[PDB]
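> Show me how the following folds:
(one chain, ligands or ions: 1)
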Amino acid sequence: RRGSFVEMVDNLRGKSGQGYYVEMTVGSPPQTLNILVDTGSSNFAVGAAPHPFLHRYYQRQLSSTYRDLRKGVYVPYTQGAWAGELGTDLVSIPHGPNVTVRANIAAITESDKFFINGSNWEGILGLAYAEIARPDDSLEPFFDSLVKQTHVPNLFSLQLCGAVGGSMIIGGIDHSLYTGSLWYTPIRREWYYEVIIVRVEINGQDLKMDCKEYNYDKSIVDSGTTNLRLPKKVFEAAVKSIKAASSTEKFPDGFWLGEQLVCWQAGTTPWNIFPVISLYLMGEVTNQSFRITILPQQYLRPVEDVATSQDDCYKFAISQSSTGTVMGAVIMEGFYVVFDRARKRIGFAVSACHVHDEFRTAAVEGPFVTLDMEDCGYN
Ligand SMILES: C[C@@H](NC(=O)c1cc(-c2nnc([C@](C)(N)Cc3ccccc3)o2)cc(N(C)S(C)(=O)=O)c1)c1ccc(F)cc1
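Numbers count the residues shown, from 1 in each chain. Take a look at the structure below.
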């Protein structure tokens, strides 16, 4: 109920659907920049040269504590890519832990489709593990540096509040950010924050696919990805089931593909006609699982208003992936997510800020009995 971590509450902001960021201060004298919180990568990188979409950037020549590592780095993602120069400098998070560490920093000099116009963030904080760090696993990620240089507990939690703000509690958990109990799923392997999905339901109806399909290749949690991305076969089956459940009103095929938007008169969106989606995750005890349930308010995302008009346009935010399942903002916005690195697990709880209506709410429920969950993982 109380809050020793109060100063970290509400330390995240966003330009409505374009990325959640936290202020980070680098160098000496202080150079503060808006940094995207990204659990799907492991590099700390900041724009360090003028760019059309950047309001400000890191100026190495002005930082007396900057150290050039004399090595370049190239980082390609599913969406976007950037190139920079590696170095190290002092880094602090004003509304985060009360510490200052020397971390690796990639100065972004060139990029393609990475920065987003009007997003207001100028860098990215890769919170995942060294295994996926570029150029290789020897480039210590920011959080690894934080834990090794300070006494800050090896854990952080995220509360992303969509339609924009949120909280990134570093070193602990704040009880005002969630209701109900926290349910944990094992971090299968320490590279991306990999998890295992054991069952999927649409309005209580089992998609009935071999659970291996749900994690085909892998299933990860990524705060830097907008959608709930699913492997091709799973995506197709999910869409067919969602379409059937929302038969009250028909939509063009492109809508389900994200190629067409559908808009409703201001405040008339019939959320009730769309089904809830449940993802069952492996639990911490043998044959035990739990489920997280999201509402259409999470998977149907608003598209930057034309200019404060009377038309609420939405995009179906569940899409296909060829690299496994990605639990992006669509999933995270309905919950308070605890990245308990110390205990190699991720916790989910109903968010105190998730968007819902007067009839339904996002939920985290358990326990359930699920056999052979170990076979669901790809090898
Ligand atoms: C910021 C922005 N992200 C994207 O717009 C986006 C990133 C990646 C995406 N791929 N890989 C990533 C990394 C590892 N997160 C790195 C990264 C961060 C920012 C920008 C690009 C890349 O994200 C993939 C997609 N898709 C293909 S999608 C449409 O979601 O299916 C979209 C975002 C994040 C949270 C949020 F609430 C709203 C908007």
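> Enumerate the residues of the stretch 51-200 of the chain near the ligand.
77-80, 114, 124 (Cβ under 6 Å from any ligand atom). (C-beta placed from N, C-alpha, C; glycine too.)
> Of those, which count as buried by neighbour count?
Those of those that meet the buried threshold are 77, 114, 124, by 16 or more other Cβ atoms under 10 Å.
> close enough to count as contact, residue 328 and residue 226?
Yes. Shown here, residue 328 and residue 226 form a contact pair, counting by Cβ atoms under 8 Å, at 5.4 Å.
> For these two, work out which one has more neighbours and name it.
The neighbour comparison of residue 328 against residue 226 (other Cβ atoms under 10 Å) goes to residue 328, with 24 against 18.
> Just give the nearest non-adjacent residue to the more buried one, would you?
residue 225 (3.5 Å; Cβ to Cβ, 6 or more residues apart in numbering).
> Residue 306 now?
residue 313 (8.0 Å).
> next one: residue 138
Take residue 138 and drop its neighbours on the chain: the residue closest to it by Cβ to Cβ, 6+ apart is residue 130, 7.8 Å away.
> What are the contacting residues of stretch 365-376?
Stretch 365-376 has contacts (Cβ atoms under 8 Å, 6 or more residues apart in numbering) with 183, 196-199, 211-212, 214-215, 280, 282-283, 285, 287-291, 293.
> Restricted to helices, list these.
Counting by DSSP state H, the part of those found in helices is 211-212, 214.
> mind putting these in CSV, neighbour count included?
Converted to CSV, the ones in helices among the contacts of stretch 365-376 look like this (neighbours: other Cβ atoms under 10 Å):
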residue, neighbour count
211, 21
212, 13
214, 25
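> any idea which of these is the one closest to the ligand?
Taking Cβ to the nearest ligand atom as the measure, residue 214 is the one of those closest to the ligand, at 17.0 Å.
> returning to that earlier point: of the buried ones among the residues of the stretch 51-200 of the chain next to the ligand, closest to the ligand?
Checking those against the ligand by Cβ to the nearest ligand atom gives residue 77 as the nearest, at 3.6 Å.
> Does residue 160 have any beta-bridge partners, and if so which?
Residue 160 forms beta bridges with residue 166, as assigned by DSSP bridges.
> That one against residue 168, yeah?
No. In this structure, residue 160 is not within contact of residue 168 by Cβ under 8 Å, at 9.0 Å.
> which ones are touching the residue of the chain found nearest the ligand?
Of all residues in the chain, residue 224 sits closest to the ligand, at 2.6 Å by Cβ to the nearest ligand atom. Residues near residue 224 by Cβ under 8 Å, 6+ apart: 19, 36-41, 124, 328.
> and if you look at residue 95?
7-8, 11, 22-23.
> now do 7 Å
Contacts for residue 95 (Cβ atoms under 7 Å, 6 or more residues apart in numbering) come out as 7-8, 11, 23.
> quick one: the helices in the stretch 251-379 of the chain?
In the stretch 251-379 of the chain, the helices defined using DSSP state H, counting those that start in this stretch lie at 253-257, 296-299, 329-332.
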